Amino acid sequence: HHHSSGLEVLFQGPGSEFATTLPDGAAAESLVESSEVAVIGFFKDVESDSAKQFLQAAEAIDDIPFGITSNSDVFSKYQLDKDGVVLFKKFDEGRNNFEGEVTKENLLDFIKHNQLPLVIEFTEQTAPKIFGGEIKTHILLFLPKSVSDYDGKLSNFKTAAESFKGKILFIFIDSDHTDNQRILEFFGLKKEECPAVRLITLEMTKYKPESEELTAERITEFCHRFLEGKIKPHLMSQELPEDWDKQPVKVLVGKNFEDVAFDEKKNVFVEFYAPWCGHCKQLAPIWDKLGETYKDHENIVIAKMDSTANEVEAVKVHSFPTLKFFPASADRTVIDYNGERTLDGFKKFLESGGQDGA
């Protein structure tokens, strides 16, 4: 029903491919209830400049349903005295009114800014957005579902979130679950240490709070301190295995990284990798062949480090695999490698003294 017209189509303005025409209050309620976020343009004249700017906004966005209405009873239903645009949502304030000049770009900005909840649970449903987001600073509340005062601690987290609307994205994650364990590891946390709060910048470090308390005020202080660069970059290390240097490719962890990497008398080539990463798996036999070629060399060292389980300060890695060259010198220079991930490309780079290949 809400997806077909009767004969009203004979005497009303032409509809749009990109927004659902809403004849009445029932149609509007159904549109809002159909999705987590919905937007309705209230335009008496669907053919006006302002309404068309709205329809252009609707055309450009794929994951939010747009509705449009010219019925005064519907305007009234949503406390509208005149033409306007309203975003609806099944969380927080439940509704946001657009203000300013109705243009495609102003509308797109309006949607983007009010579309996301104050606090977002991390799941495989929410993950794509959180990872493809524009806000490049995140705070994670590791909140176990078994733990008591779940509602309370989440409420403290949401309260704190209000102070950083366009600056820090507030995310909470279920520590108890085994599917979230790699994220735990990546932040160097145990389920025992949780509930806890951690923060990450994606342009590229992690940070922990000074206090273990989870009050709105404590989380707020933590965030405010981070923004003032008052908190030092958080580091983590795996235990160095005794066989770290038994193979042609040397195993680095956080603890021994500086020792071998910035050895002044050694040309060190390091693979920073993720164990679960398909591309790292693909490179692995080639990287071993490179290690084998330079097993008995006088000054070239081939090495790797699991960058999901080790955080050093000299280098930051959010892309896997990443390859970096540490020439033999006192300067402690890092040369980025962007050549072909080939046995031959590595060799030519190594014998160049890491001169070329980007």
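Start at 1 and count along the sequence shown; that's the residue number.
- Deposited sequence between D81 and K82: no residues lack coordinates (chain continuous).
- The question of which stretch, 152-160 or 190-198, has the higher mean Cα B factor is settled in favour of 190-198.
- Per the PDB record, of the two stretches 310-318 and 62-70, 310-318 carries the greater mean B-factor over its C-alpha atoms.
- For the set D259, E101, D288, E121, the maximum C-alpha B-factor listed in the entry falls on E101.
- Per the PDB record, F110 has a higher Cα B-factor than any other of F222, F272, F110, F172.
- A38: CA B factor in the lowest third of modelled residues in this chain (values from the PDB entry).
- Among all modelled residues in its chain, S211 ranks in the highest third by Cα B-factor.
- For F18, the recorded CA temperature factor ranks within the lowest third of the chain's modelled residues.
- The PDB entry assigns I231 a C-alpha temperature factor belonging to the highest third of its chain's modelled residues.
- Among all modelled residues in this chain, the alpha-carbon of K295 has a temperature factor (C-alpha) in the highest third.
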